[PDB]
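Neighbour counts are summed over all protein chains in view; Cβ atoms, including those assigned to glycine, are modelled from backbone coordinates with ideal geometry. Bear in mind these aren't lab numbers, they're just calculated from the coordinates by the rules spelled out.
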Amino acid sequence: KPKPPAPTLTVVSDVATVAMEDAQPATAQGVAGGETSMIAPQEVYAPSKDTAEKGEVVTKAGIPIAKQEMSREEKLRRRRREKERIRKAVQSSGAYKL
Amino acid sequence: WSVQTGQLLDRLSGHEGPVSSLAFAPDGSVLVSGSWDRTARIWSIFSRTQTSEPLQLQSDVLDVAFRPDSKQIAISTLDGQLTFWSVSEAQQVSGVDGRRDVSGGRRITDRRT
Amino acid sequence: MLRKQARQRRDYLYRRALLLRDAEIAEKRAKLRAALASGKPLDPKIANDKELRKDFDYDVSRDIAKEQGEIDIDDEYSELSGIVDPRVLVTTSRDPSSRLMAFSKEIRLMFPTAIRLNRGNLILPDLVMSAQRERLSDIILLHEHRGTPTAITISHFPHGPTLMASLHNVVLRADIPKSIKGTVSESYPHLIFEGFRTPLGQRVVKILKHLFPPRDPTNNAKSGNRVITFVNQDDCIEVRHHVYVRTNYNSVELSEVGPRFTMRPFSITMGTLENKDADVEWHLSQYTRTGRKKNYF
Amino acid sequence: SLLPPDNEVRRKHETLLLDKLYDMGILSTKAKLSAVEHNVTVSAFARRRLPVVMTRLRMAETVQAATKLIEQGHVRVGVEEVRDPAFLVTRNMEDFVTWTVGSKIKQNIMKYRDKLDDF
RNA sequence: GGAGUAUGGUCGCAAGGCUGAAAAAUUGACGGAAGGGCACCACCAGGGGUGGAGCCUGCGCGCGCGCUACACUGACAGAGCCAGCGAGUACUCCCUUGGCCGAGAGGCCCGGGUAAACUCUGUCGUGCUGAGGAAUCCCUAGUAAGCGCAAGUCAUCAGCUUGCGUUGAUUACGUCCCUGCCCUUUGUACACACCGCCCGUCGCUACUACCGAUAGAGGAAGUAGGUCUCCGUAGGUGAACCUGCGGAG
RNA sequence: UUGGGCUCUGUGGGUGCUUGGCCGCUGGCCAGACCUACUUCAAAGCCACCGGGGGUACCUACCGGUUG
């Protein structure tokens, strides 16, 4: 039996494939290859609550929408969906007789 | 396992011993495993109601491979024989020996011919 | 394969006898550690035991984790507990009747990842070898007298126990008409054990408890509307299985749905189903003198 | 042993060594550092060489027959053959030892139990 | 005498009736619509019980679970041919007329009450000599039914139960449309890829203001950029040398 | 086919792609032969495999000292 499965990270860079590669004079890759940066657009930026601006909030679609422009209807609906996410996770005689 | 979820889909089973060889059908539907259960197991998976099927062997399994024309599947068994089976009619279209046809030996440290 | 199961069987027995000897020794070992902890004097023999001191300094800490409850003791069971959703099959004796096959159906529906098989004219050691060939985790033979159930055999593979137990006071589903009863609610229920206090008691508790899918450990109390209840008085394991609805936090409304068993267990053979070379771990001992009166469990 | 007893990584190394040796084939328990302390044995490694494990598993009679047999090569291990009589055999493999593709030792067995079928 | 380990005796506390049976909560409560998976407690195809007569255990005269009768699936006669469980000095169907030998308790003797199946060949030809409705319930590969032969496993089971061998099929083996059940709309690992903020009624928490009795608890509602070298200098620890300043290459 | 067989031993080849036997070799020899000269200058370090826990009276080594 091999080992205990240990948690382990490996920090990538943003370089190209042919930059990550080993030592050759000229890659097997052509010209359409040789430019992708090892990290997707999701990696280079994720729209999220912690990176949002002040007056606005982002959706699950990834759309920053303003609390100011938002009406009470979708306000309550958004709060309802987030709550559902959480859910799935001696005195006086005058005072007495009167 | 499933490449999008990454969590364990399923244990399959039906094997007297370890599964020595693995091959998939290029259509996307049929699996074959081959093992020292003396079994060749065709695994009917991606319909709803999964099943097995045995091809019983006179011998034990060392490797399996496919035809891209996915009706045909072949088995290498350690007695040497190779066998082509029709995959739907799970039946032997042919078999042949290979012992003398690969008998090249006298490795050092052996007192055999 | 059959080789490697059989070799693991005998290996497990060998480790058990070793555990007996080392447990008798460790009875003398455990006396040291707390005596070190409290500074109180000990018996001077156990003091002047040389190998005890050397082996002590090597092997305190497993006893520490035993005290902590950290570690998982050796048995048939505790290899893969909360990992494999334990597959359970059921099959009656050689030629079942109608009510019997319906009650086996129901008890397939009571244990929730249970598949049912029908047995036909099929041979008992080959059923055992075939279940072993599908890598199960249970098998349950349930016998009949005259359109009523008799005896459940909760056997647990790869080489654990067969609890053969007579049932008493059983009445089924399929008498109550389909309008009054409903189709069963198949969810991963909870499990509640009432009154087990002897080590044999908790042994039987273990072999019942691993017939159930591992409830997801996040909100075990709130979710789930299905519970199953084993409870014993006069050694008599009695089960009632209830779907509740919870009208308040001061009142919960039950619904009796699973059947009514009161099983008395008469053997735990530490050997699987057919294996008549059995290691009799316990039995209902009638026929002796005060074995009628006194209580196991 | 030198490590203090309350150390989590100490218990992890304990269970580590004992699990790897219990699946190796040297030891007998999985619980005692003492058993590691004066149970681990060059005779235990010797007892896990492939001659003596086919003796105990009752292939041959004693380790002469076993060792000569392996020299002229009659014992497959799962799929490979065997030339080199110190192939250590773990507890997992002590079941899948068996005889080779067709040898006269296999036919000694089968000629005796009268299942000799030349096919 | 020290240390434990018990066994029961002794004493203190627990052992003083504003009493008289029938919540928490920012997380909470219940739903609905879309999306998948599953199921002989679903569809589709089929089979087969029970339910008709009787026997009868069990459950409360009723009831099902078994067993048996019911005619072409015929009989009778011959011939031919194959199994698995199976071994404790151990297993018996009764109860009686006579007689024997027993001075008596008995024992004798005679009466009365290593399959099933299959296959083949001939002899006869339907004949009180009629295969179970509504209902329901079960079942998908050695699965259903039919057949026997054995064993009797402390518990239950001879009114049977359990094994094991034999002959071995149709019909599905798709589908979530019915009934459903489960679960997605949170969390749970990132790629090329796709999608694109379900909905409801309320509750609870913060705030706003109101109402009126006699500061007040309530009722109700709403918002959350000059280096190198040379020179001329001044000072420094002086030949030199260093520093600062000013000119040249 | 005017005798033949088993079995063992012995020899040579081949079981790998065909460029000499020897020597103090740009040369000589296989019958050989010649035999003891000549001389400017020791060295740069490092590495170096003993089964584990344990003791160190004496020896070895290292380090740090001490008289001469």
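Projecting label points 7 angstrom from Cα along Cα→Cβ for A:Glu35 and C:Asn169 puts them 8.1 nm apart. Cβ crowding within 10 Å ranks B:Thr83, D:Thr90 as D:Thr90, B:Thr83, fewest other Cβ atoms first. Normalising the Debye intensity of region C:153-228 to I(0), with uniform scatterers on Cα atoms only, and taking log10 at q = 0.14, 0.15, 0.21 Å⁻¹ returns -0.70, -0.80, -1.19.
On a per residue basis, the convex hull of the C-alpha atoms belonging to chain A measures out at 378 Å³. The helix-based estimate of mean residue ellipticity at 222 nm for the protein assembly as shown, built from -39,500 (n - 2.57) per DSSP H run of four or more residues and divided by its residue count, is -8500 deg cm²/dmol to the nearest 500. Beyond a 19 Å Cα-Cα separation, which of these cross-linked pairs lie in this structure: A:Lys3/D:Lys20; A:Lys1/D:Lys30; A:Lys49/C:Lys222; C:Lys4/D:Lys111? Cα-Cα > 19 Å for A:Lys49/C:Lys222; C:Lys4/D:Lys111; rest within. Across the alpha-carbon atoms of the protein assembly as shown, the computed radius of gyration and Dmax are 32.2, 120 angstrom. For chain C, the Cβ-based charge dipole about the Cα centre amounts to some 400 debye (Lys, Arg positive; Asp, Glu negative; other atoms uncharged). Between C:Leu191, C:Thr113, C:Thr150, the Cα set farthest toward the positive side of the dipole of chain C (charges on each charged residue's Cβ, about the Cα centre) is that of C:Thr150. Computed over the Cα atoms of chain D, the ratio of the radius of gyration to the Kirkwood radius (Rg/Rh) comes to 1.15.
FRET efficiency for the C:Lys28 to C:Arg215 pair, using the beta carbon distance and R₀ = 41 Å, is estimated at 0.50.
Summing Cβ point charges (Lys, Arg +1; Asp, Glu -1) relative to the Cα centre of the protein assembly as shown gives a dipole of roughly 1920 debye. Here the spin labels are modelled as points 7 Å beyond Cα on the Cα-Cβ line, and at D:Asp84 and C:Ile115 they lie 4.3 nm apart. Region C:254-297: percent of C-alpha pairs farther apart than 13 Å? So the pairs more than 13 Å apart make up 67 percent of the total in region C:254-297.
Just to verify a number: FRET efficiency for C:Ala47 and D:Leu2, C-beta to C-beta distance, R0 = 25 Å, to 0.05? FRET efficiency, C:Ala47 to D:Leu2: 0.60.
Over all directions, how big on average is the projection of the convex hull of the alpha-carbon atoms in region B:1-98, in square nanometres? Averaged projected hull area, Cα only: 6.6 nm².
Rounded to the nearest whole Hz, the Karplus-based 3J(HN,Hα) values (6.51 cos²θ - 1.76 cosθ + 1.60, θ = phi - 60°) of region A:52-61 follow the sequence 6, 7, 7, x, 10, 10, 9, 9, 5, 5, with x at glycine and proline. Here the protein assembly as shown carries DSSP beta bridges of which approximately 85% are antiparallel, counting only pairs with both residues inside. Based on Cα atoms of region C:1-73, Rg over Rh with Rh as the Kirkwood radius reads 1.13. The label point for B:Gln91 and the one for C:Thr153, both projected 7 Å from the Cα toward the Cβ, are 3.9 nm apart.
As a size descriptor, the averaged projected area of the C-alpha convex hull of chain C was calculated at 21.4 nm².
Ignoring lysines fewer than eight residues from C:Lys181 along the same chain, the ones with Cα atoms less than 17 angstrom from its Cα are C:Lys105. Here the calculated FRET efficiency for B:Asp110 and C:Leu80, from their Cβ-Cβ distance with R0 = 41 Å, stands at 0.40, rounded to the nearest 0.05.
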